Amino acid sequence: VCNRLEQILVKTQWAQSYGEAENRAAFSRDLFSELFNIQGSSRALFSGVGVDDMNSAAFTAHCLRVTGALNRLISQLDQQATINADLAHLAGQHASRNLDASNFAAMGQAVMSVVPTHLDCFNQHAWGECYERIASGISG
Amino acid sequence: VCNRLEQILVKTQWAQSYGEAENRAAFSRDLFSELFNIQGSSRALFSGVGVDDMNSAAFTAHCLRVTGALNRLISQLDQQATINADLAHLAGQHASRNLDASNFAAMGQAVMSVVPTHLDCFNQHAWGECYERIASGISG
Amino acid sequence: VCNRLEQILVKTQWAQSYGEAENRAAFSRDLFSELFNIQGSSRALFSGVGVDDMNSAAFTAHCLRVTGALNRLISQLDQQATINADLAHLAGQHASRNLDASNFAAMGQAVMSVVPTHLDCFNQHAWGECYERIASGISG
Amino acid sequence: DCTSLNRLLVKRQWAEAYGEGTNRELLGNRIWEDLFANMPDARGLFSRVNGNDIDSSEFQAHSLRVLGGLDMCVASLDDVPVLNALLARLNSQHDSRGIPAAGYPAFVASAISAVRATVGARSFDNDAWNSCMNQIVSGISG
Amino acid sequence: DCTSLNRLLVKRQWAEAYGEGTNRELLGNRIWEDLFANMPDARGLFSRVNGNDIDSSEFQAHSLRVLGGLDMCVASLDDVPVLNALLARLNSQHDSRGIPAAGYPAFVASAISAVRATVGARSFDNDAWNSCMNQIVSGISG
Amino acid sequence: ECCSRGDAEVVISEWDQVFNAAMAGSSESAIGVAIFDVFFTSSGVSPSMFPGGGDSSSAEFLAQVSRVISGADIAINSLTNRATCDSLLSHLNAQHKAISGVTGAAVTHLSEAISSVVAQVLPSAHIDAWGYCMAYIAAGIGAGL
Amino acid sequence: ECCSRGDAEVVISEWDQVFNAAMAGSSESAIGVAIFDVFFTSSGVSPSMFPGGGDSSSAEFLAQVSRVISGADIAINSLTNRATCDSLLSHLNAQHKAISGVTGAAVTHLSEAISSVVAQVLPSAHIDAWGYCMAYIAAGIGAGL
Amino acid sequence: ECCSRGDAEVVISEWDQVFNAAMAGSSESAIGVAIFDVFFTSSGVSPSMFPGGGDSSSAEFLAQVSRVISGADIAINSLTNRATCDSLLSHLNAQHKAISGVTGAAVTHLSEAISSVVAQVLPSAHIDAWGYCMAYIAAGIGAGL
Amino acid sequence: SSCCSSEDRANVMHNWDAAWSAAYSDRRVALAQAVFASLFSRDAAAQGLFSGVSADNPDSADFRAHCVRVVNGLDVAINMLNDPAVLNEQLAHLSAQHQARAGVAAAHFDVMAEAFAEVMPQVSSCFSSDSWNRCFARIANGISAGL
Amino acid sequence: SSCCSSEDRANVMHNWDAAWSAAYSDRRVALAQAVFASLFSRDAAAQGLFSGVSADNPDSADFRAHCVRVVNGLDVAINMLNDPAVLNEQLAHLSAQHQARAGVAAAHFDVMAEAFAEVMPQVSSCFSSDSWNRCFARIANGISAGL
Ligand code: HEM
Ligand code: HEM
Ligand code: HEM
Ligand code: HEM
Ligand code: HEM
Ligand code: HEM
Ligand code: HEM
Ligand code: HEM
Ligand code: HEM
Ligand code: HEM
Ligand SMILES: [Cl-]
Ligand SMILES: [Cl-]
Ligand SMILES: [Mg+2]
Ligand SMILES: [Mg+2]
């Protein structure tokens, strides 16, 4: 899943969206705003990171950690052993959260709803495949 | 499928993309360009509408007919009996083309790849549901 | 000292400088910067208001208190009994500081060095007279 | 008659005149200034909402409620059963307030002039607006 | 009552309406056009200053004197003894000119509407303006 | 020319004024039924020749009305690109050639019903530009009929 | 936030509208005496606790009014720099801690008198932004009281 | 201040110059391994304390390098919003508190390795602004260690 | 109780305006119908309070007209967010109207707020939940004052 | 007799406007009081002409009101400098009023001009003396015509 050509599209399109965002904190908060608006039940999962105020330093810091992780993963899509190790590390970090498939699906929808609004060109399928690669690794 | 609230999102977002497009012919040609780039085998289906030259009057006219149909359908999502009749009419128009599920899936990907690049805000799920409503009606 | 006509010039020119300043904190800090540059020995008098860092919240707050006092005094130059009472109050606030005539003279020079750089028109004599009115009241 | 094409015109022109929230107050003021100039004794009916000072917060809130009432009716012109239920309620809200029957045609004239002033005379259709406004006030007034 | 806070509001709004010399004529014209529309027989009182042609030099100078008179009173609202001395003189200047008592409330309405039109309805306070204008005209009119 | 670039721009602008952000998506049926009412009166064509027999309470006819307004929309919006417009019109022409009892005169009546209803909902409409451009549309749809 | 940057800008703009080029320097006493009148009524605080016993004919009280309006001016004008504002408020807090019989509730009443008088002289005032920002000011001056 | 808004902007700009459109996504590993090489030399810390034992041929260590460069990226990019940056640093601090044998001095050495490698790949780097801002970062990560 | 700021009001007015259908009642009815379905699911007893508007048949003209009135009332209040002096008179008006309805209580407004919070992200693009929550509270608290 | 030019009028109107207190009478009273003190110092007999306004007590409300009237009259005239047709009617009006006061003579206007020339540089920033002198003459000569 997420072949070498699909990786080219996703790397290029992430560079043009996240990579070129003038306000990285706002981009990252928007991701979570879309997530909560897609699946209201997800919001409570973030009670440990100041989610009651999405403009808080605490919540913004969480959002930046997440898009930074997306960035570091996208950078390594082509390095199978390295990304597998990194995905396992993230899986460990999410293990105690008792997430389910609907949660990962909602995050995929959020990513794929925010990203194209920052682009002139977007490839839905490649993004679905490479998001699946990441989600499956983190779900563990 | 495609509930009354989802219809609000899709109507609003179609209005803001197609509805506000400065070059409707270009928007419509872009849809088909993305379709062919997603599923190369779809291109030959359009041999009767001058597809060898996507900038031709003949092919552009086809593209405009298609986005005009998308527009008239989106306008009637809330009028069940009317849209059902219109979808049946379109189903008749596509019956002899021996299309398959992969073709409808590829068109959905094209629509959902072009539309958000014209928007500040896009709701993936609502678009998937209402595209499914239309596709199922046309597939017949 | 500081006659009714002189008051007109000073009120008008204060309105056009302080009154129109886009950055009141910067205007007020500039006053004290000029004071310290005129009389280096004055700086230590302000050790209780964070003067070691002139950009501190503590020092900026002091500067704003001072130009606000200049403003409220200038507003009452024409109300003899009221300004006399207010000047006596300020005199009480400065009594324990063991200030001398050279200190008041240096502050007058600072005021009269900052103000005209914000004006198209400045009347030196009227400013000297009305500054003297204020200084004499505060020196007590 | 307030025909289907009349309703289309009135809806579109109302949305232009009222659709942006700022200048809702400007539209309302146009109505009341005109109405009270033509019918000064009408001002007294609004004593509870400070009709002597149309610029007061109390009157301005009343003015904006009136425009919202009109908006509900215009938005529902194509759905007569809903429109009738809206007018039924408006009727209850106006009965036994000592409102003279003449107040309604006066208000209709003031409202039409206000919309006309807002959207411009060249695009305007007095016939459509009168027909549709008369349908509305017929449901409200005794 | 024309209270301390009323006087503060009237002073500030008057200074906005009258404070720049150009458009003093525009403010005056708003008053006279309104007054003579509401009270046509008032026009006759101004025959010596060419009231038939409000745009004439003679009438315009009169108009600007009136506004200057109002300015003196507004500027002095906080100083009742000076205000009373100003009104005393204005009274002398209006007595035995055959001015009907009704002319004063009419002028007050015209002046308030003119100021309101100039400074905008959203910032306006009709109560303050009426109270303070009534203090002024009470000193001028018989 | 007849239906010049300038005429076309006026017509497109006025169609857009009718179907603006507030009205687009909600008013097509009412506009369309009104166009058909004027058409039936001027043309003498039988409602029975249409899906749902011209009955505005029938979903089959309402869907027909949706198609007609959309077809008109597509042609109108392409008036400034004449080569593309000619192709749209040729497609519509083929569709009507396959239908018994469509005449050139009747196509003219429908085109003029579009113009007249537009002028009813938009009093300021440039009736001349609408005439010239709807005549160009009618000529294309009605070719050989 | 409560008293956001946006709220602060509105409040500063409105205070500037009251104390504009025509009014600044001439209207402080009248505004101040009115604020004190509303404060005395709402708070039940004795005028005798103030210089000149709250008598508006007394220069000692008029000078107090001048100080209070100026203090309010300085705090209000610093609302967009929260660190500086916090310091101004802490200084005022120390000054009121040194004064017997200043309560937190009374500080709230005075802050609300400022807002209410502003709305009386400026009908268009954003009463919500004034409430939020005057509450922030009251919290700082009234801390521990 | 130390690491002023201006200093922060310089550092962010220079980090962006290193990780520009051509280099971002492809150079992190090489930059990261070099940072670790300088760190191990200056700090005397055992490679064995790291995933994959500090072996650049091991995917476990390469993934660690990816995390470290990304963590640095996130902190650096937030330098102009101090409240957000403080929170990021507090999170990193908690993570390192949970790890045996992380010292304050070692955190300083790693921060200085970032600066030194940046200056090696970007000769024009403002070494002072890097020192001030990396010291702020080190102070936060290394708090209580 | 977090303040509905100038910035929050801008966000809410933007979300609201962008989703508004200015010429037709169908969209506002659909919005309100979804809110009421949520409210009645969360608090089954609340439905009885609406017996005067045929709540038992939410698709009825009677109930659809109620939906229009509710969404209108909220539209007017939202549009007054930048003029709170006027807002206060409007909310006092609405409060009086709800005081006149036996059984309507402040607790019901909390449930209504939950219903809007659920429904708005389904009809509004780039919906700002925190700003909505704070400014809805500003409005609802004004209506529920005195009950 | 040097002409009060368009440029002079601009200068005078600028100096005058910049020094004006638009909402309060205290400044214009202070200006006029200084002018009268100068006038009466220069021409002691002139004070008797002002017995009807308590000139013997320049701080009286009666005299302060006169000060307001004089500064008002000059303010109106200055503001009419760019519309001389209207100015001429105003100065003719003022002339008639001064003709009605026994003992007021053209020579007094020269002394008044000296008084303004002395006082204006004490109240106006970047005061343009030549433009003031020419345009004051334009105004004063209009009032003093016929006496
Ligand atoms: C598939 C893409 C995802 C990525 C790249 C990602 C990344 C991250 C990162 C980097 C952290 C911080 C780890 C740390 O330093 O402690 C984190 C924490 C967390 N993530 Fe995710 N995540 C993803 C998906 C999800 C999903 C789908 C959910 C649930 C809807 C979720 C819920 C959480 C929670 C609850 C935390 C802990 C917050 C806390 O510290 O209280 N994540 N995630
Ligand atoms: C679900 C969304 C779709 C819509 C709204 C749509 C609409 C239309 C319309 C309006 C026409 C012209 C009918 C006429 O006037 O004769 C058309 C023709 C056609 N469509 Fe589609 N279509 C859709 C999907 C597809 C898909 C998924 C394919 C295949 C990949 C496809 C293949 C064709 C072909 C081959 C024609 C005939 C072209 C010709 O005349 O030679 N369509 N479609
Ligand atoms: C003549 C114009 C002056 C004005 C209007 C003025 C005004 C003020 C004001 C308002 C305060 C704050 C009082 C409080 O709230 O506690 C203050 C404090 C002070 N002033 Fe002045 N002042 C003037 C001149 C001077 C001069 C000439 C000096 C010495 C060079 C000076 C030295 C001080 C000191 C040392 C403090 C106390 C700072 C502290 O709290 O530690 N002032 N002044
Ligand atoms: C199409 C026309 C009209 C509409 C849509 C309309 C709408 C409204 C609305 C929505 C209210 C508030 C109801 C409530 O919540 O209690 C109201 C109140 C009122 N209306 Fe009308 N109205 C119209 C015409 C008139 C006319 C012509 C008059 C009288 C000349 C009038 C007099 C009043 C009065 C006196 C009130 C009550 C004010 C109060 O609260 O004390 N209305 N109207
Ligand atoms: C606040 C209200 C008013 C003010 C401040 C005002 C002021 C003035 C002033 C300053 C003059 C010139 C006096 C002079 O130098 O002789 C004047 C003249 C006059 N005013 Fe008024 N006035 C007011 C209201 C009215 C009203 C209500 C009327 C009648 C309806 C009126 C009728 C006249 C007439 C007839 C003259 C004489 C015109 C002439 O020179 O022949 N005034 N007024
Ligand atoms: C400007 C003039 C006209 C326009 C724009 C127009 C447009 C259209 C369109 C867009 C369709 C749908 C084609 C399809 O997808 O199959 C259609 C169908 C049809 N039209 Fe027209 N038309 C016009 C005039 C006429 C006239 C004058 C008649 C009758 C005498 C007519 C009779 C029909 C019929 C019977 C159908 C087929 C309905 C069916 O069975 O599917 N049209 N027209
Ligand atoms: C928002 C609320 C308030 C503001 C802005 C304010 C401001 C001030 C200022 C600027 C001073 C002058 C300090 C100095 O230079 O020594 C002052 C003094 C004073 N204030 Fe307040 N104040 C507030 C509330 C109160 C309240 C509620 C009380 C009474 C219960 C009070 C009682 C006093 C007294 C007695 C003095 C001292 C007068 C003296 O003897 O010098 N203040 N206040
Ligand atoms: C500026 C200085 C530093 C930065 C930016 C930094 C950053 C990081 C980051 C981002 C992580 C990943 C956290 C996670 O997701 O679990 C991490 C982990 C780690 N760091 Fe650091 N670090 C710094 C200094 C140090 C130092 C000086 C040491 C050693 C003495 C150290 C030892 C470790 C270890 C052992 C781990 C855990 C690996 C694991 O088992 O998952 N770090 N660091
Ligand atoms: C911000 C939220 C709300 C708004 C804007 C709102 C608005 C309105 C409006 C405009 C009316 C029509 C008033 C009339 O014509 O008398 C109404 C009626 C009513 N409301 Fe609300 N409302 C809200 C919340 C609630 C809540 C939480 C309840 C309790 C469950 C409630 C219960 C009622 C009832 C029982 C009626 C009367 C229905 C009838 O006509 O029989 N409302 N509301
Ligand atoms: C440009 C210069 C002057 C202006 C604008 C001016 C203006 C005025 C005005 C507006 C009045 C009030 C008229 C009324 O209500 O009857 C007045 C009154 C008078 N003026 Fe002047 N004046 C000027 C110069 C002079 C001079 C040079 C003298 C002679 C010394 C003079 C002597 C008087 C007297 C005696 C009165 C009557 C005072 C009273 O009310 O008892 N004025 N002037
Ligand atoms: Cl909808
Ligand atoms: Cl002054
Ligand atoms: Mg108001
Ligand atoms: Mg003229």
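All chains are named by letter (A, B, ...) in the order of the sequence lines, taking the proteins before the strands, and each is independently numbered beginning at 1. Each ligand, and each atom within it, is numbered from 1 in the order the structure gives. FYI, side chains are in, hydrogens and waters are out, and symmetry mates aren't considered; it's all heavy atoms of this structure.
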task: Answer yes or no: is there an ion pair linking A:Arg72 with H:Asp73, defined by an N-O contact shorter than 4.0 Å?
output: no

- request: Using a 4.0 Å heavy-atom threshold (strictly under), name the region of H:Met134 that reaches ligand 8: side chain, backbone, both or neither.
  value: neither

query: Does a donor on one side chain and an acceptor on the other come within less than 3.5 Å for H:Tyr136 and H:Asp86?
result: yes

query: For ligand 8, does H:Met49 get within less than 4.0 Å through its side chain, its backbone, both, or neither, judged by non-hydrogen atoms?
result: both

- request: Take every heavy atom of A:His89, measure it against each atom of ligand 8, and state whether any distance is under 4.0 Å.
  value: yes

message: For the residue pair H:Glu112 / H:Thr108, report whether a side-chain donor-acceptor contact shorter than 3.5 Å exists.
response: no

message: Which of the protein's N, O or S atoms come within less than 2.8 Å of the Mg ion (ligand 14), not counting waters?
response: E:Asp55 O

task: State the count of protein N/O/S atoms located less than 2.8 Å away from atom 21 (Fe) of ligand 8.
output: 1

message: Around atom OH of A:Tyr18, are there more than 12 heavy atoms from other residues, nucleotides or ligands closer than 6.0 Å?
response: yes

message: Side chains of E:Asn29 and E:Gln60 only: does a donor on one sit below 3.5 Å from an acceptor on the other?
response: yes

- request: Please determine, by modelled atom types, if E:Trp129 and E:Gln13 share a side-chain donor-acceptor pair under 3.5 angstrom.
  value: yes

message: Taking the basic N atoms (NZ, or NE/NH1/NH2) and the acidic carboxylate oxygens, is any pair closer than 4.0 Å for D:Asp55 and E:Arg122?
response: no

task: Looking only at distances, please establish whether an N/O atom of ligand 8 is found under 3.5 Å from an N/O atom of H:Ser111.
output: no

query: Using heavy atoms and a threshold below 4.0 Å, how should the contact between H:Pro51 and ligand 8 be classified: side chain, backbone, both, or neither?
result: side chain

